[PDB]
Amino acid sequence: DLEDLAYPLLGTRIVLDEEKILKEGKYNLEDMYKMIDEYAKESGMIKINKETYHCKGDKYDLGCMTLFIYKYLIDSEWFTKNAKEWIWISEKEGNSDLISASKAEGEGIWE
């Protein structure tokens, strides 16, 4: 019906350090993005563009964000060591820097 249709946006913006990735030759850049896409799929996230993923906007939004950020990505060492920018996007509450927050909280391996 006319109700329950408009949840506030939750999502994330991701920018890999492509320069570091190629210069180091450790990983293949294209498979990093495919691994991120697979994570978004099994967490229930919608891919907006190369950098941006959004929740569907229903009662499972927080759970999808819990899996994508704090189960899959944060414990992916190839991801956290090669990320130039990582943003938690919340329309209602404002955005925040996930790299600076995770280093201060001890989440993930960054160096």
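A residue's number is simply how far along the shown sequence it sits, counting from 1.
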Do the CA atoms of 18-26 or those of 97-105 have the higher mean B-factor in the entry? 18-26
Which is higher on average in the deposited entry, the C-alpha temperature factors of 27-35 or of 80-88? 27-35
Lowest, middle or highest third of the chain for the C-alpha temperature factor of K71? middle
Test of reading the entry: by CA B factor among the chain's modelled residues, which third contains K50? highest
